[PDB]
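Analysis of the macromolecular model
This is what each chain is made of:
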Amino acid sequence: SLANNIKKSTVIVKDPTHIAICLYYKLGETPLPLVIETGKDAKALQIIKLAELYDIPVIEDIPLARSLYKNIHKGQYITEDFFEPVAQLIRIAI
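Its PDB header names X-ray crystallography as the technique used to obtain the model and reports a resolution of 1.480 Å.

Some words on helix α3 (residues 62-71)
Residues of α3 that are buried: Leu 64, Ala 65 and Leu 68. For α3, the angular spread of buried residues about the axis comes to 100°, placing them on one side. The exposed residues of α3 that point more than 90 degrees off its buried face are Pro 63 and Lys 70. On its buried side, α3 packs onto β1 (11-15), β2 (19-24) and α4 (83-93). Where α3 begins, one side-chain oxygen reaches toward the backbone nitrogen of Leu 64, 3.3 Å away; that side chain belongs to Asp 61.

Concerning the pattern of salt bridges
In total, this model carries five salt bridges according to the counting rule given. With a closest N to O distance of 2.7 Å, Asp 15 and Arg 66 form a salt bridge. Of the two residues, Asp 15 is situated in strand β1 and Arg 66 in helix α3; the sequence distance between them amounts to 51 residues. The salt bridge partner of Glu 37 is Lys 74, with a shortest N-O separation of 3.0 Å. Taken together, the positions of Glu 37 in strand β3 (residues 34-40) and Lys 74 in the loop between α3 and α4 put the pair 37 residues apart, joining distant regions of the chain.

Definitions and cut-offs
All residue numbers refer to a per-chain count from 1 along the written sequence rather than necessarily to the numbering of the entry. Residues that lack coordinates are not shown. Calculation of side-chain values draws on the structure's entire complement of heavy atoms; hydrogens and water are dropped beforehand. Burial here depends on accessible area, computed with a 1.4 Å probe over protein chains only, as a share of the maximum for the residue type. Under 20% is buried, over 50% is exposed, and the range in between is partly exposed. Strands are runs of DSSP state E lasting at least 2 residues, helices are runs of H or I lasting at least 4, and numbering of each runs from the N terminus. Each C-beta atom gives one direction from the helix axis, and the arc is the one those directions make. By the convention used here, residues are in contact when the closest approach between their heavy atoms is within 4.5 Å. Think of a polar contact as two N or O atoms within 3.5 Å of one another; within protein, one of them needs to be a possible hydrogen donor and the other a possible acceptor, and neighboring residues in sequence only count if both atoms come from side chains. When a carboxyl oxygen of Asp or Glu lies within 4 Å of a side-chain nitrogen of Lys or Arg, that pair is called a salt bridge.

See below:
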């Protein structure tokens, strides 16, 4: 469920109108932040529109969104080069 994933997301990082990455982190459940949903083109637009409708935090960070899209697939934990920037994002979001 796309909408359900958006609604549970901790923060969504976007390249405006182009790419959206939904990150999920919960102490005790996720040892590392988890990419739970991704999209490009129309699916990115859908994610961002749902996030706006449901007031889920969205941060514009074009290089991060692009890099996560290329490297961290839906369902995967982030890898080491993303630890700090994604911790930053979760802090801004929370």
